[PDB]
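Q: Would you mind keeping the following structure in view while I ask a few things?
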Amino acid sequence: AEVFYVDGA
Amino acid sequence: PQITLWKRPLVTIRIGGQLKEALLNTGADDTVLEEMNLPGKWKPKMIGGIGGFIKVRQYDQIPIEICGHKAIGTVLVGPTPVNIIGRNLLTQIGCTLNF
Amino acid sequence: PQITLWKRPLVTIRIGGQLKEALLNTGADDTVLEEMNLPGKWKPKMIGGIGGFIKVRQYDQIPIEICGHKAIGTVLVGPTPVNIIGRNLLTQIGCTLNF
């Protein structure tokens, strides 16, 4: 399964 | 609309001249689209996910319609496996989390 | 509550008797927390996102209070950048997206 956290730094 | 979270909250977006499926992503600061050959100037950027960082192309002031709601903003393009609508655009469409 | 998205949707959670901050993440299928001890048996698992895959420990049927709402479900523990509450638990507390 998948976890699409995105950190914009 | 109200979107339930039993399944991935995918909706239709319109960007440039393309309709695409995208994931409404409260866990994303930025909007990240699967590789596509957009015209326009861009700046390189690196964005982090659970597994590490990836390189993307940052395009600014790009019109994008999300489920009929018009928005305009920064769109990142790179090798993401899914189109991701991030907070930068979810705010523009008046999207909230509710419970 | 109704939660807007101009800032990351961070909330206080309680788990294993301990308080932590966590990110309400509609772009996560599963819940992943930073390295910690949880009681009971776990199973090794891998999960993916931007940047690729990481190894995690899967604990099932773990109670967690998110804000003041009770959930009992699967919690993954590993080297996630941030504590993430995923759809498996967001559904349990009645969370939806609205625009």
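Backbone-built Cβ (ideal geometry, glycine too); neighbour counts: all protein chains shown. Any read-out appearing in this document is the output of simple, stated calculations on the displayed coordinates, not a laboratory observation.
Q: If we hang a label 7 Å off Cα along the beta carbon direction at B:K41, how far is it from the matching labels on the other copies, in nm, shortest first?
A: In ascending order, 6.1 nm.
Q: So, one more: Find every distance from the label point of B:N98 to the corresponding label point in the other copies (7 Å from Cα along Cα→Cβ) and write them in nm, one decimal, shortest first.
A: In ascending order, 0.3 nm.
Q: Also: Please figure out what share of the DSSP beta bridges in chain C is antiparallel and state it in percent, rounded to the nearest 5. Display every interim value, and only then the final one.
A: Details: 25 of 30 bridges.
Of those bridges, close to 85 percent are antiparallel.
Q: Please report, to two decimal places, log10 I(q)/I(0) for region B:20-98 at q = 0.16, 0.20 Å⁻¹ as given by the Debye formula with identical point scatterers on the Cα atoms and no solvent.
A: -0.55, -0.87
Q: Next up: Return the whole-Å distance between the Cα centroid of region B:48-91 and the Cα centroid of region C:1-55.
A: Their Cα centres are 22 Å away from one another.
Q: Let me ask something else. For chain B, what relative contact order do you get, as a whole percent, if you take Cα pairs closer than 8 Å and at least 6 residues apart? Walk me through the numbers on the way to the answer.
A: Working: 190 pairs, mean separation 33.2, N = 99.
In percent, rounded to a whole number, it is 33.
Q: Anyone know which of C:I62, C:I54, C:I13 comes out most mobile in the 10 Å Cα GNM of chain C?
A: C:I54
Q: How many Cβ atoms of partner chains, on average, are near each residue of C:76-84 if near means within 10 Å of its Cβ?
A: Working: counts 2, 0, 1, 2, 5, 8, 5, 0, 5.
Per-residue shielding by partner chains comes out at 3.
Q: What FRET efficiency comes out for the pair B:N37/C:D60, r = Cβ-Cβ distance, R0 = 45 Å, nearest 0.05?
A: Working: r = 44 Å, r/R0 = 0.98.
Efficiency, rounded to the nearest 0.05: 0.55.
Q: Would you please state which residues of region B:54-70 a label at C:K20 would reach in this model, taking the label point 7 Å out along Cα→Cβ and a backbone N cut-off of under 17 Å?
A: What the label zone holds, given the 17 Å backbone N cut-off, is no residue at all.
Q: Please list, by residue number, every one of the GluC sites (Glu not before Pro) in region B:22-99 that is coil in DSSP and has at most 15 other beta-carbon atoms within 10 Å. Walk me through the numbers on the way to the answer.
A: Numbers: sites: B:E34, B:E35, B:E65; in loops: B:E35.
Sparse-neighbourhood loop GluC sites (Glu not before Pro): B:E35.
Q: Semi-axes of the protein assembly as shown's equivalent ellipsoid from the Cα gyration tensor, sqrt of 5 times each eigenvalue, largest first, rounded to whole Å? Each step should come with its number before you reach the end.
A: On the way: eigenvalues 174, 72, 33 Å².
Working from the Cα gyration tensor, I get semi-axes of 29, 19, 13 Å.
Q: Of C:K43, C:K70, C:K55, which is the most mobile in a GNM of chain C whose springs link Cα atoms less than 10 angstrom apart?
A: The residue with the greatest mean-square fluctuation here is C:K43.
Q: Considering every residue in B:36-49, what mean count of other chain Cβ atoms within 10 Å of its Cβ is obtained? Write down the numbers at each step before the final one.
A: On the way: counts 0, 0, 0, 0, 0, 0, 0, 0, 0, 2, 3, 7, 10, 15.
That average works out to 3.
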